[PDB]
Amino acid sequence: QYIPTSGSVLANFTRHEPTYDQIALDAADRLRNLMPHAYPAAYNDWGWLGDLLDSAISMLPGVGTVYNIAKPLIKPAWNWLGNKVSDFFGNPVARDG
Amino acid sequence: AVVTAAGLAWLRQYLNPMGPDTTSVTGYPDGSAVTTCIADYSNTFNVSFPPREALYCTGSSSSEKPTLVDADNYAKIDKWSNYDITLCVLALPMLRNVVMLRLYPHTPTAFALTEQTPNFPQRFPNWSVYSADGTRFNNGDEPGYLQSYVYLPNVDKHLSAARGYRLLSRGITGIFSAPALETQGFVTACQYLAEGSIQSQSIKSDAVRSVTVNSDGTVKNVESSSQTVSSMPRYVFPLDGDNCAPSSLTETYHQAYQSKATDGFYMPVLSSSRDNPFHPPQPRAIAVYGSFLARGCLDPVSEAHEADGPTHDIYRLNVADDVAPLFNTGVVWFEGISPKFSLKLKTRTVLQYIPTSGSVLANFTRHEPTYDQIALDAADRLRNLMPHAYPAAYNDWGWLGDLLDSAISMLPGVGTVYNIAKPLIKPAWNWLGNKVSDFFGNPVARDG
Amino acid sequence: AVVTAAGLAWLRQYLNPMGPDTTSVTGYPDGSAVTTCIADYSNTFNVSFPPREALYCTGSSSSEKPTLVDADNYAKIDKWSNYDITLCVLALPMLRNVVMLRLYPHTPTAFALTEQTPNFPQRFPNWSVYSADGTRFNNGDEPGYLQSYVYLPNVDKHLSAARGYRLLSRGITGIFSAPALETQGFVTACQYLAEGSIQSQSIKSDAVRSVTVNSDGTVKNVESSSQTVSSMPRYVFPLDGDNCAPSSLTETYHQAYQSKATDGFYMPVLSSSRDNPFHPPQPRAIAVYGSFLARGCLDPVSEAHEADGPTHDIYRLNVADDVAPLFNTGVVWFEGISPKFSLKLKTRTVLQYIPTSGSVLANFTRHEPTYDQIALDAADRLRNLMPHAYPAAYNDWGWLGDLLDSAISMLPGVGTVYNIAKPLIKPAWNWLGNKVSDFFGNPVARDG
Amino acid sequence: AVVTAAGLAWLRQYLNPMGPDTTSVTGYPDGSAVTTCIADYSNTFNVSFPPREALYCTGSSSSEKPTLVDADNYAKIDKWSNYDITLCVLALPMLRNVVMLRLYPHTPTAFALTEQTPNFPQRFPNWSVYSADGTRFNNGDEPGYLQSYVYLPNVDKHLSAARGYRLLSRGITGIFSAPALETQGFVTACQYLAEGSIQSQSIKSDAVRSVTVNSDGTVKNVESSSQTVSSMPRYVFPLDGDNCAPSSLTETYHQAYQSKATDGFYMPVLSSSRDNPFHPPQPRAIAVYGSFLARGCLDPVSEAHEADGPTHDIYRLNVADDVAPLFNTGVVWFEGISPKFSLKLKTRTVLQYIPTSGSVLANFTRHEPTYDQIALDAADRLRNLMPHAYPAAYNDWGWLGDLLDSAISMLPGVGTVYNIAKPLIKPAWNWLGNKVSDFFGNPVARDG
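Chain order of the listed sequences is A, B, C and A'. A prime marks a further copy of an entry chain.
Heads up: the first sequence begins at 417 in the deposited numbering, then just goes up one per residue.
Heads up: the second sequence begins at 66 in the deposited numbering, then just goes up one per residue.
Heads up: the third sequence begins at 66 in the deposited numbering, then just goes up one per residue.
Heads up: the fourth sequence begins at 66 in the deposited numbering, then just goes up one per residue.
Below is the structure:
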């Protein structure tokens, strides 16, 4: 993100929509220590992300919770070498690439 | 079956480019499925009667020598400054050179152009003088008018680094001011489609017919090159110069805007087509169609006179640009205004790009292509209803958005979910007599 | 959601220009919101075998000397008058010069044109002779056919004083008569879109390669101007001349009209597009595309032979006009008719103008711009169903208006309020065998 | 209110030309009411690294002497064969010359073309060599790449004997094979509209300015023919050569296809317009727009420098053809593939003709003109959703026909009888990582 200076090129491409979300920041801070450092090159578009990992980590911050229980979170096993890979919720990850 | 938020936002920014509500830019709702970068250029210029240092000659004086400043012929232009003047602004669909300004001692009968290509056309802060007899001006002639181009350099820089472009919307605002007790004058504005095209004019090739008397190698070279050929291609605009006088425009177009000069103007330039395809950048020399003089083969003539048939004069502007096709040409006249006027021109041009790889535009990308047929149909329908211009301060129209757009949204086909929104009545945009009624009969009291 | 009265009136006048019901003229239903003047030109001409006083030569005889009358070569044309002749009428979309007439001794294999520009093309009462070998005719050659143009002068006068125009509808009627016991012959008619455009043909520039032997100033001017350049721009029509023979048209187009010569013809020329934008008047020289001879770069060739690639012959008509774009080209043949025939041509051309200020048209103004999307969609849909021509006396079709227009009006989208109007069946326009059925199966007994 | 069988068949053959289900050919659903003949051309070519006997020079060596084979410069091309190569295939909308093949030692930064017209462009089995410095190659230079054209002769023969034509559908399949342990490489494919037009480039006419010193007949012929004129008209394609590198296409277009080289490709070329009118055959020399160098009148300049304004380089291909307007241009790159590769190209081109009388096509006639507005609207809507290419073996898509066509068939307007067919979700065509999901979320396991 940039703050354009006056009369600069960036000034022609402006997003005037500043949003505020404390829950997202807290969730990112919490998830910092859980996410793996890297994945196989073809392992984009993780199924467990977004509404399972983000949700299941979203009630823990404080008690800022409206949905009681989303999904219990289990310790994943990212054993890419032996093909015995399990995601954050125990679902096996068959090699798709 | 209903309009989306993106379609409504595009409709707002296309019909009301300078409206305060329009803050974020949105792309054309056609689902182009390409990486696009939307650029919004807002520019402000303070035009007034130029001083002598900003005036340049267009005649053969500045032939190879660059622009020549006026030399003590400025007395005649001061004589202009004694009386009331006329100020024309012509917004052709050129991307660069958003408008062309012209200053006249008095209202002309037509929008004339010089048959000879002017030398060094000047950009806004500088002007270029043209003679009173409709020819280029050298020092020592009789000045007829001043002409200038309002240039946007960032548009040029970004158009260089783009594989395709398309103009999304354009608006021009004309906030007018003058000293107290000098607020006379009238303002007229009108848009109309002048569909230009790449054309060549018929020129005559110089011939070599020479029955020589050389000693022994007398070739007698009668090489009759007196044939009509085609000049270089140029983008020619069918701008009806002879019918661009303010009175003609007022009589012809019903949606033309008229008011007192102090009201200024606010012209949202509108497209004339329902589709807005991307086009590759291709600058080309611009020219304006004139009128033919010799009838030629318009009457039964010989084979030899077919060449000098009806040939329309082409007025070269000595300016190169790439135009936005199917966009209206705007023209506004300030007649009888004080010579000590001050016009604050504010232009907003928002247009979409397809960035080339490794270019600057690639760092500012909107990966959200939306599709909305209803919005496009509504814009096409509204094209013929909206006024050509408004007073400079008449932004943020109440009747827009959920009354005009809605009440025009069920008519397209029968793609209707809401039975009746609001009956639409013919508005009366009588800005001169203050009896202004909007699209739904609600009176418009002067808020500016 | 329903068609308006103005839309229906425009549909009637566009599909049935010469129908007796159509009395008042209506504009294009698009809500153009401009001051318009609608002009209706009805003209009648009595064509028959010309006398000698109306015949003129086209060859180099009339090069600078004006039109040369035929000198006792008229005996050959009387020899034509001994047997049965053929009469072609070709209605190009040109505004002036509504039709081109041609008289042949016998049916040609194609609609040929001369490679050399004819001298002084003649307007209707006068004809111009062309040789039998497909070249221009000088006195003392073998005459091949006669050609004439049917000119509308009021159209020219009004087009001069107009800022924009658009053709609304055009119809041509061919009431045929002949002496009793001489009513032989057949009539064929067909419309098809020949989308012309402004094009230039590739011509060769004459070069000056001169290794002179001058005393001391021997320039040795080898100025190789043998380059291919572009001729003057002309409006070129892709008229398939080689495929305009009557048999070819009958085989190709299903809606082509055929009948006995005594039935005459009535061709309402139809548009090929759903939109009819205004255009500025711009007369230009007309020409017709031919066929290429040298294949050139259609095969792997050297760089030098790229210039003589596939170059299509362009046949200059030595006639200037402005055309109505997207309007069909009509062509009708009277084959094997008596040489003592008499054709009463009746043309009706109604077209809209935008008057210029202080012009004559400004005194005749229709300030009523209407909008009707349903009518435009219905016309677009009906474009492919209507026959190309009818017998000369078959105006005022019963099935039109509230049966055909209605029964085609619910199909566009679903913009329908009346559930079922009338099922539409495929008509059989077998005018030759008298077994004619209309669009709804109702037989058409001969009323004329 | 519902799609017909003919409309569905046309939609299938237009979206999936090489699908096994498509067996019979169907015409364009517009009810043209003309006699038409539909021709389907299926061709197969086996492209691999050429031997020396198939290589020809393009420089001045083959100026008037026909194609010159390479003379022991083939050692450098063997040096190419030592490492991995790049293979581009460019499918312009030309009817003949279905694709252009190019072989590079390594991936270029752009799709360059030579400023000088090549000599004797070679058709597929033969190639033509171009130098590494972007110029034509003579024997003894440094070879840069090989170029070839894939020619369809039956198309030429049938186009000769046709009054009108229109391209119905076109598909190109690229089955790739290589020796085991040599299956490296990537394949990219992309379509985009490059709307060509008939244009002329501005050339300079050679002048004769000669102040002679002849004895008595000293004409002093200063005939300043140094004017800019227009070259011959050519069909010019705005192909963005500088932005045709694989990475640029991948970044720009969302529907671009990427995969491993072994997957091959299958590109159904799609139209860019909702209408497909017939056009008369008119072969013309093809050329590609380049980029301008001199800014010219893009800046305030003198009258003399208007001539050298922004003039875009035009690259002549020395190939003549008639193009299919409004059809996308396809481009596919095989990067880093083994030099011992083998590409089986399979092209299917189905197009409609209007036979001329007494021609061969007249013996093969389909007298069944159907009309289907829903199919045309559905194709127009689907234009922006379909991927640009698929793996070579991914024909017979399950999701097509009654799921994609149906689920897209109620959206056009409200012309709907079946309430809900199937919700449509955004597919993920991630062929590289094997995580491919169709238009309805159903995974696509690799079946080939």
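Virtual Cβ for every residue (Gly too), placed ideally from N, Cα, C.
Decide if C/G306 is buried, meaning its Cβ has at least 16 other Cβ atoms within 10 Å, or exposed.
buried
To which residues does DSSP link B/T394 through a beta bridge?
B/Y257
With distances taken from CA atoms, which of B/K285, B/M332 and B/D137 is nearest residue 16 of chain B?
Examination of residue 16 of chain B is not possible in this model, given that chain B is present from 66 through 513 alone.
Delimiting residues of the alpha helix (DSSP H) encompassing B/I439
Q438 to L447
Which residue or residues does DSSP assign as beta-bridge partners of C/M159?
C/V388
Measure the C-alpha to C-alpha separation of B/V90 and C/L160 and round it to an integer number of angstroms.
46 Å
Locate the beta strand (DSSP E) running through A'/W192, then write down its first and last residues.
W192 to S196
Range covered by the beta strand (DSSP E) that runs through A'/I240:
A227 to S242
Limits of the beta strand (DSSP E) - the one that B/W494 falls within
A493 to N495
Taking Cβ-Cβ distances shorter than 9 Å, what residues in chain C pair up with B/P488?
Near B/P488 there are no residues of chain C at all, since even the closest Cβ is about 15 Å away, more than 9 Å.
List, from N- to C-terminal side, the alpha helix (DSSP H) runs of 4 residues or more that fit wholly inside the segment 448 to 513 of chain B.
469 to 474
Please name the residue, chosen from B/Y436, B/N184, B/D437 and B/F505, that lies closest to B/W462 on a Cα-to-Cα basis.
B/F505
Beta-carbon spacing of B/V215, B/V276 below 8 Å
no
Any residues in the segment 491 to 504 of chain A' with a beta carbon nearer than 8 Å to a beta carbon of chain A? Which ones, in chain order?
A493, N495, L497, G498, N499 and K500
Below-8 Å beta-carbon distance, B/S324 vs any chain A' residue:
no
What's the C-alpha gap between B/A136 and C/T421?
40 Å
What are the residues of the segment 295 to 322 of chain A' that lie near chain C, defined by any Cβ-Cβ distance shorter than 7 Å?
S295, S296, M297 and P298
State yes or no: is the beta carbon of A'/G282 nearer than 8 Å to at least one beta carbon in chain C?
no
Taking only beta-carbon positions, decide if A/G466 is within less than 8 Å of chain A'.
no
Under the criterion of a Cβ to heavy atom distance below 7 Å, does C/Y214 qualify as lining the ligand HEM?
For the ligand HEM, the structure offers nothing, since it holds no ligand at all.
In the structure shown, what three-state DSSP assignment does C/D95 receive?
strand
Simplified DSSP assignment, three categories, for C/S337:
coil
For C/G498 and C/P82, I'd like the C-alpha separation in whole angstroms.
27 Å
Using a cut-off of 7 Å between C-beta atoms, extract the partners of B/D105 located in chain A.
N428
Using the three-state DSSP reduction, which class does B/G401 fall into: helix, strand or coil?
strand
C/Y318 versus A'/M297 - alpha carbon distance:
35 Å
DSSP state of C/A369 mapped onto helix, strand, coil:
helix
Near-chain B residues of the segment 237 to 271 of chain C - C-beta to any C-beta below 8 Å
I263, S265, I268, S270 and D271
So A'/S367 and B/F185 are in contact, right, with Cβ under 8 Å, and what is the actual spacing, rounded?
6 Å
Could you check whether the Cβ of B/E368 sits closer than 8 Å to any Cβ belonging to chain C?
yes
Under the DSSP definition of a beta bridge, which residues are partnered with C/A350?
C/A385
Helix, strand or coil: which one does DSSP assign to C/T101?
strand
Taking 8 Å as the cut-off, decide whether the C-beta atoms of C/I103 and C/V334 are in contact.
no
Are the segment 383 to 400 of chain C and the segment 241 to 261 of chain C touching, with three or more C-beta to C-beta distances below 8 Å?
yes
List the residues of chain A' whose Cβ lies closer than 8 Å to the Cβ of C/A372, in chain order.
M297
Endpoints, alpha helix (DSSP H) assigned at A'/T200:
First-last for A'/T200: undefined, no H or E at that position.
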